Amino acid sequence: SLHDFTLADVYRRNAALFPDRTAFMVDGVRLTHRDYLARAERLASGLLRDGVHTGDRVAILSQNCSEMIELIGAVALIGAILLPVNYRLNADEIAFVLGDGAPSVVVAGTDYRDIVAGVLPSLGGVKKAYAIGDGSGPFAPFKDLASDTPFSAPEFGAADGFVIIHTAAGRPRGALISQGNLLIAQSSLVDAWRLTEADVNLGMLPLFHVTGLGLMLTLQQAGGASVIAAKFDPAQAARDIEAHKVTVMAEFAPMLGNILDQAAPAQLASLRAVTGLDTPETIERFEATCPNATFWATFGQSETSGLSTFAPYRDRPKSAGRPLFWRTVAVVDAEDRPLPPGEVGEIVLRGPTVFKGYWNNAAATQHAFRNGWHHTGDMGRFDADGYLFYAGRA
């Protein structure tokens, strides 16, 4: 414990150093660092009250909202494991994810109270269930979760599981990622983007996804702010960028293209750094429109706690960037021998950004970790300067 720094320590840090600064702008309401810690502490006492211990799962099926954001914090404060369910899955897949994760507490969103109610009798040690809105069905209302019992934090470390992120393999496979994985991975983003408490993220990606969750947690570790909305609208995005002076964002095609369509260049003047998956055409268009902004080429996955390689796109167009500090990246042949510059092989990783392993799946983990390298399942090549070029799936 003495040598640990966790997300709990970030929330307390932000409440101490930047208490009155914005943490979140979410559905028309402002939440400061001081008030975020207070709300998270209340919900954390409630989870403890409900009988959640360190290592237990807390599930949420919900679109991005203030309740989800403060629940993320509450889970972090007691060393529990978040199970954010992908709401673009069908009722069978959701049932699988929930059963695979085995939560002690389930939280249903406004639009998802039905689907969750169907799954709930098939779940074992689920102690309490909540809904955001009101408790129509087997759920209590979410406001019942919070407790006034003064919060006393259980014992846990940064290496303990924090989140299970399922991505479809076949069956969905849950990637267990620690608090420390994320903090250390994201410290490199803070550095590359010169993030400070003045910075502002436009959180348009879902918080169940590694990039969405990761970008929020990144700005939070800088003491900065995220603008979070439930749904993506290109024109609303452009207005948010101007209104809140958004400096950074992550995006997947066609989001940036669609914002560029709907935005006057003058609305986007505060943008400094953008990343994600996009075409050379859109990236070059974006950089043309916004001369003071840089698009950042990247490769990563949930198993690598988000970003692994990163660089300004202009430094090496069509690449995925250079390996970040904390990451040793190689490209190997079928028997894990490192290949020379130019040759295509499997992208492999070592270091503290490698995830803990696959939930409920010793076989998949053993395969991922063969010969002491994490295996991405992705193909690529390095150039002479150590830039990675993504070459597809294996």
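One-based numbering along the sequence shown.
Between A169 and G170, count the deposited residues left without coordinates and pick a bin: none, 1 to 3, 4 to 9, 10 or more.
Gap between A169 and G170: 1 to 3 unmodelled residues.
Which of the two stretches, 183-191 or 316-324, shows the higher mean Cα temperature factor in the record?
Higher mean C-alpha B-factor: 316-324.
Going by the B-factors listed in the PDB entry, is the mean over the C-alpha atoms higher for 74-82 or for 285-293?
The stretch with the larger average C-alpha B-factor is 285-293.
Highest recorded Cα temperature factor - choice among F162, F156, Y87, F310
The record points to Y87.
For the CA B factor values reported in this entry, which option in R57, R39, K356, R49 has the top one?
That would be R49.
How does the C-alpha B factor of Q63 compare with the rest of the chain: lowest, middle or highest third?
CA B-factor rank for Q63: highest third.
For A334, does the deposited CA B-factor place it in the lowest, middle or highest third of the chain?
Top third by C-alpha B-factor.
So where's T149 on the chain's Cα temperature factor ranking, which third?
Highest third.
Please place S270 in the lowest, middle or highest third of its chain according to the CA B-factor in the PDB entry.
Middle third, going by the recorded CA B-factors of the chain.
Place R30 in the lowest, middle or highest third of its chain's C-alpha B-factors, as listed in the PDB entry.
According to the entry, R30 has a C-alpha B-factor in the chain's highest third.
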